[PDB]
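Trainee: got a sequence here, can you model it:
(chains A, B, C, D, E, F and G)
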Amino acid sequence: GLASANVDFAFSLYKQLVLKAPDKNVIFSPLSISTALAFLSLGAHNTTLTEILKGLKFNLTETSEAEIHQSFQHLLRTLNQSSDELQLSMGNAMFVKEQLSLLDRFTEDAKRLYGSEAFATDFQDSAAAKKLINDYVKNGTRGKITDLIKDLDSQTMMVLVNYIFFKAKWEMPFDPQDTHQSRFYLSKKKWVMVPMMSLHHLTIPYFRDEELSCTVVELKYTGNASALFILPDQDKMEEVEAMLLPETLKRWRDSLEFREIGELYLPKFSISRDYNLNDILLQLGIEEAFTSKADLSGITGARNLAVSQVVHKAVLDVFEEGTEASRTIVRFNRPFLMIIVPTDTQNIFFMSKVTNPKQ
Amino acid sequence: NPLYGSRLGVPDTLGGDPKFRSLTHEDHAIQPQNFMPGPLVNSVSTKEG
Amino acid sequence: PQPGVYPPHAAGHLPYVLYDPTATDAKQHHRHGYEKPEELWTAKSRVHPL
Amino acid sequence: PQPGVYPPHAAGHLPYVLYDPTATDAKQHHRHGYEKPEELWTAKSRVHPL
Amino acid sequence: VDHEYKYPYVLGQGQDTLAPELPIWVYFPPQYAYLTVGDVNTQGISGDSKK
Amino acid sequence: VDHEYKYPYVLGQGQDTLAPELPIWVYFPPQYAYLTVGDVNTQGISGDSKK
Amino acid sequence: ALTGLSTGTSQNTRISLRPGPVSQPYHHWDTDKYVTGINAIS
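Mentor: Numbering: from 1, shown residues only, chains lettered A, B, ... in the order given. Provided below are the atomic coordinates:
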């Protein structure tokens, strides 16, 4: 039951995202936000837990928070059990005010279960706090993510960091020698020169949704996951988004039949954006933790801590051979959706809306 | 001018999306030419025949 | 009507105008707000019969 | 450069141009190949300081 | 009379549109038509193309 | 001298750019700047807009 | 090494003839593609 609520929360979060930016490129990992939100819940008490679990569509009458955690930890264990062919590295964490002593029990629990590590942070002289947090996030990853935090206010109380990066190879890798410079149409008469990679004489899961006015194709990775590319027709993206629901995603996944597509064209883009989730989570349904009344007793036990900044950066690469590259015609020269899901179960690893691959 | 490179660029990586690299003063063999050489019709020596 | 004489397109935002790269989300920050078109301004936009 | 004098946009394909509606992708075949722009051709494209 | 050559010129392309070679025959002048440039678009799934 | 009014006119707006009121003071002419039209673009999530 | 139209006494000893004659292009836009010639100067 965790996966369905994960997908619902993902869709609500994406809807809020587009509401804050109708045409800008959208990229975020629902899995990363899910683990960050659950880990924040790990340190909550009283009605803050109830609100943070009203978020992500959780029926507390049937599902208890301990079992939610255990399912999350099992998900992380399975993800880390994967071999080198596909890897998804997640490193979200929490930076606590150093003037308040952090709970040793909470740090041990986070390290053992959610694997996140927290420490006292010298938030005094926030200019140096920016430097130290950027240095930590750069040392954590291999170098995929830098300048994650744009700014820090004076006497910022605590900050939540969430980063993520995929690394997987296509089942049908694109040919770099066939990557052609073409046009991507922003609108009816607006286009940008962007490189697109091409395939031919290949069969993939494909579905033309005649009652939804879109086209869904599935590109499988060498691992147990895959990606779904969603191409609405001209001036029909908003209608697709409006009727875009998990009940739509289930029908799309169960209506994926193999088709011998003639040529497939896909923009060569590497989206990377940072997102501050204060207002967006406030509109989502989690609001008490942000107004100096979080009752975050699992963090220190003093109810002195509340969330001030939640910054998430989802970096994901779409090249010829996947990340860090060395009849029926499908051309993605229009703004399109992209949802990364497993074949076994429905759970959104990554979700993106691409409107300008030059950006 | 042998001392100065060209402001134009030449292909470095080939294929459908050719990246272009600028010219230095070391690579004189890739200097672009304003005018082409004259035609040659079987202009070969007696050692070929 | 004849085809419009379009101003040339740039890789990031617009060419030959001094903009603020921080305001834009484009990735051509190296030019520091003043950009060149990625296609050389070629003219020959208006067409006539043979 | 001054803003280009864009010919106005039609609801489907291009305005003031006779074309084959069957060769188009849009369902705006009701005007039978000849169309007028959805936005009235307004001019005032080039701008000057005040 | 297109003195300014403002319209496409289709004479002299070897078309079966000439005046009759015998004076005893009646000329039926050909209907004027011309070819122009355009954008080639593929007809979606069917794979056909049209300018 | 902008005789043809080619450049934007910023005089006559009540700005603190005036010459000194007494002849015993040195005038520091203001730096020229103007405001022009543009497209309002949102800065990501925050909703802040820049022209 | 050297690519495109070139003239010389051997493969190693050549001079490039880029961008070629003015009678031919070295970059344009195809039906759905930007095509760049091997004798293109940027």
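Trainee: of all residues in chain B, which one is closest to chain F?
Mentor: As assessed by C-beta to the nearest C-beta, chain F sits closest to residue B:17 within chain B, at 29.0 Å. For the C-beta atoms, the positions are set from N, CA and C on the backbone; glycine is no exception.
Trainee: where's the residue nearest to the spatial centre of chain B relative to residue E:51, distance?
Mentor: Geometric centre of chain B, nearest residue: residue B:30, 3.8 Å, by C-alpha atoms, centre = their mean. Between residue B:30 and residue E:51 the computed distance is 39 Å (C-beta to C-beta, to the nearest Å).
Trainee: and residue A:302, by the same measure?
Mentor: Counting by C-beta to C-beta, the gap from residue A:302 to residue E:51 is 74 Å.
Trainee: now do residue E:15
Mentor: 21 Å.
Trainee: is stretch C:1-21 positioned near chain A?
Mentor: Yes: Stretch C:1-21 is in contact with chain A by C-beta under 8 Å from any C-beta of the partner chain, via C:9, C:11, C:12.
Trainee: tell me which residues of that stretch come out buried.
Mentor: C:7, C:10, C:11, C:12, C:13, C:14, C:15, C:19, C:21 (16 or more other C-beta atoms under 10 Å in any protein chain shown).
Trainee: go on, stretch A:278-297?
Mentor: A:278, A:280, A:281, A:284, A:286, A:288, A:289, A:290, A:294, A:295, A:296, A:297.
Trainee: report the contact partners of the residue nearest to the centre of chain B.
Mentor: B:10, B:23, G:2, G:16, G:18 (C-beta atoms under 8 Å, 6 or more residues apart in numbering or on different chains).
Trainee: most widely separated two among those residues?
Mentor: The most widely separated members of these, counting by C-beta to C-beta, are B:23 and G:2 (12.6 Å).
Trainee: so between residue E:15 and residue E:51, which is more surrounded?
Mentor: For residue E:15 and residue E:51, the more surrounded residue by other C-beta atoms under 10 Å in any protein chain shown is residue E:51, and the numbers stand at 13 against 9.
Trainee: surely that one touches residue E:35?
Mentor: No: Residue E:51 is beyond contact range of residue E:35, at 9.3 Å (criterion: C-beta atoms under 8 Å).
Trainee: go through stretch C:19-32 and flag the buried ones.
Mentor: C:19, C:21, C:23, C:24, C:25, C:26, C:28, C:31.
Trainee: in helices only, show me those.
Mentor: Using DSSP state H, the subset of these located in helices is empty.
Trainee: with distance to residue B:5 as new columns, can these be given to me in JSON lines?
Mentor: Output for these, formatted as JSON lines (distance: C-beta to C-beta, whole Å):
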{"residue": "C:19", "distance to residue B:5": "30"}
{"residue": "C:21", "distance to residue B:5": "28"}
{"residue": "C:23", "distance to residue B:5": "35"}
{"residue": "C:24", "distance to residue B:5": "32"}
{"residue": "C:25", "distance to residue B:5": "34"}
{"residue": "C:26", "distance to residue B:5": "29"}
{"residue": "C:28", "distance to residue B:5": "24"}
{"residue": "C:31", "distance to residue B:5": "21"}
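Trainee: among the residues you listed, which are located in strands?
Mentor: Assignment to strands by DSSP state E places none of the buried residues of stretch C:19-32 there.
Trainee: buried ones in the biggest strand by length in chain A?
Mentor: Ranked by residue count, the top strand of chain A under DSSP E comes out as strand A:191-209. Residues of strand A:191-209 classed as buried by neighbour count (16+ other C-beta under 10 Å): A:192-199, A:204-209.
Trainee: with distance to chain E added, can I get those in CSV?
Mentor: Shown next, in CSV, are the buried residues of strand A:191-209 (distance: C-beta to the nearest C-beta, whole Å):
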residue, distance to chain E
A:192, 18
A:193, 17
A:194, 19
A:195, 20
A:196, 15
A:197, 19
A:198, 14
A:199, 16
A:204, 15
A:205, 16
A:206, 11
A:207, 13
A:208, 8
A:209, 14
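Trainee: can you tell me which of these lies nearest to chain G?
Mentor: Nearest to chain G among the buried residues of strand A:191-209, with distances taken as C-beta to the nearest C-beta, is residue A:193, at 6.8 Å.
Trainee: was I right about the closest one contacting residue A:181?
Mentor: Yes: between residue A:193 and residue A:181 there is a contact at 6.3 Å, judged by C-beta under 8 Å.
Trainee: from chain A, which residue is nearest to chain E?
Mentor: residue A:328 (5.3 Å).
Trainee: ok, for residue 34, nearest residue in space, not its chain neighbours?
Mentor: In the absence of a named chain, chain A is used. In space, and not counting its chain neighbours, residue A:34 is closest to residue A:6: 5.5 Å by C-beta to C-beta, 6 or more residues apart in numbering or on different chains.
Trainee: correction: the question concerned chain E.
Mentor: residue E:8 (3.7 Å).
Trainee: pretty sure that neighbour sits in a helix.
Mentor: No: counting by DSSP: H, G, I helix; E, B strand; the rest coil, residue E:8 is not part of a helix but coil.
Trainee: just give me the neighbour total for it.
Mentor: 14.
Trainee: tell me if I'm right that it and residue C:48 touch.
Mentor: No: in this structure, residue E:8 is not within contact of residue C:48 by C-beta under 8 Å, at 9.9 Å.
Trainee: tell me where the stretch 101-250 of chain A has strands.
Mentor: A:119-121, A:159-168, A:180-185, A:191-209, A:214-220, A:225-232 (DSSP state E, counting those that start in this stretch).
Trainee: nearest to chain C, of those strands?
Mentor: Of all the strands of the stretch 101-250 of chain A, strand A:191-209 comes closest under C-beta to the nearest C-beta, at 6.0 Å.
Trainee: chain D contacts on chain E?
Mentor: So far as C-beta under 8 Å from any C-beta goes, chain E lies against chain D at E:41, E:43, E:44, E:50, E:51.
Trainee: contacts only, for the closest residue to the fourth one other than its chain neighbours.
Mentor: Nearest in space to residue E:50, with sequence neighbours left out and distances taken as C-beta to C-beta, 6+ apart, is residue D:23 at 3.9 Å. When contacts are counted by C-beta under 8 Å, 6+ apart, residue D:23 touches E:41, E:43, E:50, E:51.
Trainee: for residue 31, which three-state class applies?
Mentor: I'll assume chain A. Per three-state DSSP, residue A:31 ends up helix.
Trainee: wrong chain, I was asking about chain E
Mentor: Residue E:31 is classified as coil under three-state DSSP.
Trainee: likewise for the one 4 residues further on?
Mentor: In three-state terms, and counting by three-state DSSP, residue E:35 is coil.
Trainee: so the residue in chain E positioned nearest to chain D bridges to which residues?
Mentor: The minimum distance from chain E to chain D, using C-beta to the nearest C-beta, falls at residue E:50 (3.9 Å). On the basis of DSSP bridges, residue E:50 is bridged to residue E:41.
Trainee: what's across from the residue nearest to residue A:182 when sequence neighbours are not counted in the sheet?
Mentor: When the adjacent residues along the chain are set aside, residue A:182 lies closest to residue A:196, with 4.8 Å between them (C-beta to C-beta, 6+ apart). Beta-bridge partners recorded for residue A:196 (DSSP bridges): residue A:180, residue A:267.
Trainee: so which of the contacts of residue D:23 wins on neighbours?
Mentor: residue E:41 (16 neighbours).
Trainee: does that residue touch residue E:49 like I think?
Mentor: Yes: if you go by C-beta under 8 Å, residue E:41 and residue E:49 touch, sitting 6.9 Å apart.
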